[PDB]
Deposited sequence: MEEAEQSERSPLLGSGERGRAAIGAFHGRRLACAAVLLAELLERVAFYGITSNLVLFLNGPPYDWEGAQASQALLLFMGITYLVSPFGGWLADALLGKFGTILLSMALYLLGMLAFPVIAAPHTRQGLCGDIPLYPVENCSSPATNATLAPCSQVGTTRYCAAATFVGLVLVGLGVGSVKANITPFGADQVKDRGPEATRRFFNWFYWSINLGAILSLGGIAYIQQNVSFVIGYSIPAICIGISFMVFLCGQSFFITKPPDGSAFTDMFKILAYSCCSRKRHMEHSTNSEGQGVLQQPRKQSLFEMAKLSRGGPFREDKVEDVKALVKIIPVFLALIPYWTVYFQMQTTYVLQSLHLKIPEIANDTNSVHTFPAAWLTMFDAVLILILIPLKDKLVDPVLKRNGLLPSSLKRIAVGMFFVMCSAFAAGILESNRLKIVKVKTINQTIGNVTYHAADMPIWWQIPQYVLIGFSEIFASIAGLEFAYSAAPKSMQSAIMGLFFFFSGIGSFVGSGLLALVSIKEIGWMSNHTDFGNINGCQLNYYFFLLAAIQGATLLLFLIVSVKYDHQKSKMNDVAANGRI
């Protein structure tokens, strides 16, 4: 991959470009995702339900185009060619929003003023939805291939600093751009995300000589499908396909097929992990609005509570906790780090159950009204800083489980399908988000009504969020027991 001379400098300019093209591809994803519903409910007039459904369709495309944005990378174009293609759409879609916001050109694109603009928003969102679902499956294996020459020790040290750079785009975008959008303007606010992705396309292209790339091999999939047809239409059942067993196929080819049959059961065991992890991202923010916020205030800053620890725990975990666990033989595998990470998610949901339970006690005595993001909430008279204990326990769960889920998906996939297997990883995380979104509605049915009284921008004091968190912990203690069963069988047969 790299010549002997100058190797050290050739993998610091190949990991500086990949890590500086994920900080800028991410600072332009929270620029559009963060203050979207607020933007649409402006003087010029979507409703509460309509505005959100554009932010739920936009995310749906992001998860559902990863596996198909990976198959395209390992069959036709390759990881480098397809990332440049994706960032072209990502930029092309991102140019609709500045035009829509600007009163000068808003009429031309949206159309005649209603003396709305649904056509330009969806064409803008779909293209951005395609760009972020295909860049997100091809930069993660492409980044870690630069340093793979130095063994698994160097691959792990990459995903530590590839996840500290994605979380440095949340703090930079949810903090900087969000403030500019609400207060300064929306033409300026939505123009920085379009410029940021412009630089990412150029920095990635300019560093074309540092990267080490491999030509696509389309015959990997064509053979793989045939193996399935032969086995299903005719010891694991894939053994027959080998020549040694009388089948008409090679030996190593059948090995790749048997590698996908074993990886898949592990991914299906993480759907309960994502479900009880995207619900704590959403329900926590609802709880914070109902606590005494210290004495406008963008509603985005309430979301970066946990992306300011992952910014200060990874440097600590990458220089003080990793080496200590290395010299001692204590936790080498990657499916043993995930099972540890799924334990702090259990204690985090349970921790927030006690905080909420006492909070409902206070409101019955007295409440203090406050306004956040132009609406009013009946917050309790308890400081928001009581919510630190439930966010630290999530700072330790996005270090053992988010950074070890990527490492396992990459290091346990055939070398001919390393983008279609990170693509699936990010598609089974979508199945996780939408399973939970259905779980919230179920528990909010008239029969149970633990959150029936809740509505858009609605008070939750009448609701009972206390019981909901305990349910998240219960469904997270069950999966932890299950994931140990499947994890043990995977390593045993490995």
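Asker: What gaps appear when the modelled C-alpha atoms are mapped onto the deposited sequence?
Answerer: Absent from the structure are positions 1-18, 63, 135-159, 279-300, 362-370, 570-581.
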